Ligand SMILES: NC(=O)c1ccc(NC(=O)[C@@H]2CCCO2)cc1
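First, one chain by itself: the form deposited without this ligand, in structure tokens.
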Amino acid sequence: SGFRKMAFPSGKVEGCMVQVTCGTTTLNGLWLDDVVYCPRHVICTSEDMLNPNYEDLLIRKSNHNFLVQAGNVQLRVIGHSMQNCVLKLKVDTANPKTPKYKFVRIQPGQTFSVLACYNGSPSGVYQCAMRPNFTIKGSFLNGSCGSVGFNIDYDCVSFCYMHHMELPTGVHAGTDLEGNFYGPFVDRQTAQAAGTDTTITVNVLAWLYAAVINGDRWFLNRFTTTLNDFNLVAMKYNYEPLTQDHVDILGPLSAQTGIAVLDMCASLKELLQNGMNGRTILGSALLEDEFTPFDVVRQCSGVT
């Protein structure tokens, strides 16, 4: 029993973190096989970041200008290329700790673990969600660029995020491991405002299911609703619309608890309209939306 915001064990990713230095910029890289992946703004000064022409800046860089350090041992860079907003540094040594991996581009509402790193060294691990506005609310200080987000399926690390940017509002933006930003963000120090940070409805409902499973039941009401009626309330509270796809995904939690998904929607509707009245659910005074239905099943079943 108990339900915690839980990250994947980070060891497999710790084994991939390196330091990348280009001139006076140092950030983190991800060493998989004989390639080190890092944000392309490693080639920039803070001055460059105001208006960088990356192709032009890269012309001035050779293999020997990229200093890659894995622990306290230097890797030899034998090639470099830009893919979208990442650099791929080819090194002469395959990372011996390379886990089975994939590169995945996640959808908004999907959760992942971040291994916060500085100078190629892990500082901490925490659980994030891709917000509906394609930001993440992370903990990223100067030097954290190139820290990665990931999911693990048994022995396979799916890398979904690399950290690039803090917006002036202090929310975070980054790329998948092909270098494509999530959302409309660019790797430039300019005015970039996030859209509406809506609540990930399917994730709130999953977490209400987790609550019932762990004995927090006070919010369960006598009502049901429809998707259309629920969605009217959801829109009013800046919640994402719930689709039949979301209802289908919640099916196993519905089955386990014997609470129809639309009944849990009606409970959620009353919590939106009535508030918590100073009560908590799983030790929270607000409705948690950074657990996916898959997260709740995993944590409630003990998957390793």
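Sequential numbering from 1, following the sequence displayed.
The form solved in complex with this ligand is left out here; the points below concern that form.
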Q. Three residues, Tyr237, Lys269 and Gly275; all within 4.5 Å of this ligand in the bound PDB entry via heavy atoms?
A. no
(Q) Taking this ligand as it sits in the bound PDB entry, is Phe223 near enough to touch it, meaning that at least one heavy atom pair lies within 4.5 angstroms? (A) no
Q.
Against this ligand in the bound PDB entry, would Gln107 count as a contact residue? Criterion: heavy atoms within 4.5 Å.
A. yes
Q: Using the partner position in the bound PDB entry, report whether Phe230 sits within 4.5 Å of this ligand, counting heavy atoms only.
A: no
Q: Select from 173 to 205 the residues with a non-hydrogen atom within 4.5 Å of this ligand in the bound PDB entry and write them out in sequence order.
A: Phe181, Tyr182, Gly183, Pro184
